[PDB]
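To begin, one chain is listed below as structure tokens, in the form deposited in one PDB entry.
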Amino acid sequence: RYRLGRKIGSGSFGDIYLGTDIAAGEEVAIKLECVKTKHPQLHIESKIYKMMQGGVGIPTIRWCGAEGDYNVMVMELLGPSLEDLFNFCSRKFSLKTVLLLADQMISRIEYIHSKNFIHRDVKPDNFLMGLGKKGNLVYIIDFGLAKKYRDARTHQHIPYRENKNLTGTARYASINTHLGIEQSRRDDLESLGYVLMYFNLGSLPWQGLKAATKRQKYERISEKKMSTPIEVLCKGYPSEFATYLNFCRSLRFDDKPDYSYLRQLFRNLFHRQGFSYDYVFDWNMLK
């Protein structure tokens, strides 16, 4: 039912192609999982996307099972990542673009939380703009590290746990993630806070820090992050950014975040600046 076109991306558990859904007559993205291992990841990712179906800015998927030496997931075809678009804008976004993005990104994370998952990989690479009719819509992708933080029926929160190892990308990790604490809803939002200040600054002060051979590879990132006050990180930017990060850092392990407070904080700033909620992003002005 599918025709595979040109490769458009590579991921930790396989590659993303342009494809045709022959029955639907629509162009789609097709994720192929080649190396299964004993614990293949694509079928699990598809099951999390199924529980997120009906979410705005969550790609619609079709689990297709095996073909030859591949597992197949057909996805809504999306546009450039926010990391790609940041590079295209010379690694500066206007305050207006950062606030337009913040408004959607809080809502996307809230939606995932509402379906009893935490994302745990919040970074600009994993937010993609839509194409065509959905060009103004921020999507979130990559549920490869996503976890249930509560039972689907009980809403009994996962237990507190420490002594965990940090794996993958630390640039946007929460301070508690550096400290080996179990991730929960607060950590996704603290990560988003570092993403927003990254868009403001062009980089983060701990970005690209390398440890000595033999040392834990993240120790220089962790030390800089913990020794950089929020007020120093956010110096020269509207107070709302510091307010956002202080609020996230204050949340207890099992606390339900006040998403509406964080959105309204940025909305009030948007109004004080006299910005129009027009979805005219910096990249729309590129010539």
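In this text, the rigid core denotes the largest set of C-alpha atoms whose superposition between the two forms falls within 1.5 Å. Start at 1 and count along the sequence shown; that's the residue number.
S.K.: Relative to the other PDB entries of this protein in the set, is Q264 coordinate-less in at least a third?
M.R.: Residue status for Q264: no gap in any other entry.
S.K.: Across the other PDB entries of this protein that model residues on both sides of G11, is it left without coordinates in at least a third of them?
M.R.: In at least a third of the other entries, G11 has no coordinates.
S.K.: State which stretch shows the higher mean Cα B factor in the entry: 230-238 or 43-51.
M.R.: The deposited B-factors put 43-51 ahead on the C-alpha mean.
S.K.: Out of 6-14 and 263-271, which stretch has the higher average CA B-factor listed in the record?
M.R.: Higher mean C-alpha B-factor in the PDB entry: 6-14.
S.K.: Which is it among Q156, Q183, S94, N163: the one with the largest CA B-factor in the entry?
M.R.: Each of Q156, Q183, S94, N163 was compared by C-alpha B-factor; the highest is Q156.
S.K.: Highest Cα B-factor in the deposition, which of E76, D84, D151, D188?
M.R.: Most elevated C-alpha B-factor of the set, per the entry: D151.
S.K.: Hey, what third does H178 fall into on Cα B-factor, ranked over its chain?
M.R.: It falls in the middle third of the chain.
S.K.: Split into thirds by Cα B-factor across the chain's modelled residues, where does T243 land: lowest, middle or highest?
M.R.: Within its chain, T243 is a lowest-third residue by C-alpha B-factor, going by the deposited values.
S.K.: Where does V138 sit by CA temperature factor within its chain: lowest, middle or highest third?
M.R.: Its C-alpha B-factor belongs to the lowest third of this chain's values.
S.K.: When the modelled residues of the chain are sorted by Cα temperature factor, does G144 land in the lowest, middle or highest third?
M.R.: Its C-alpha B-factor, which the entry lists for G144, ranks in the middle third among residues of this chain.
S.K.: Taking the C-alpha B-factors as the PDB entry records them, is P80 in the lowest, middle or highest third of its chain?
M.R.: Answer is middle: the recorded C-alpha B-factor places it there.
Not pictured, yet referred to below: the form deposited in another entry.
S.K.: Honestly, after the rigid core fit, is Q216 moving at least 2 Å at Cα between the shown form and the other one?
M.R.: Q216: C-alpha displaced by 2 Å or more between the shown form and the other one.
S.K.: After a rigid core superposition, would you say the CA of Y261 moves by 2 angstroms or more between the shown form and the other one, or not?
M.R.: Where the cores coincide, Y261 shows only a C-alpha shift between the shown form and the other one that is less than 2 Å.
S.K.: How about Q273 - superposed on the rigid core, does its CA move between the shown form and the other one by 2 Å or more?
M.R.: Where the cores coincide, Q273 shows only a C-alpha shift between the shown form and the other one that is less than 2 Å.
S.K.: Closer or farther apart in the other entry, the C-alpha atoms of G55 and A23, for a change of 3 Å or more?
M.R.: Relative to the displayed form, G55 and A23 move farther apart in the other entry - a change of at least 3 Å between their C-alphas.
S.K.: Given that the shift is 3 Å or more, do the Cα atoms of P80 and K36 end up closer or farther apart in the other entry than in this form?
M.R.: Farther apart, which means the C-alphas of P80 and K36 are at least 3 Å more distant in the other entry.
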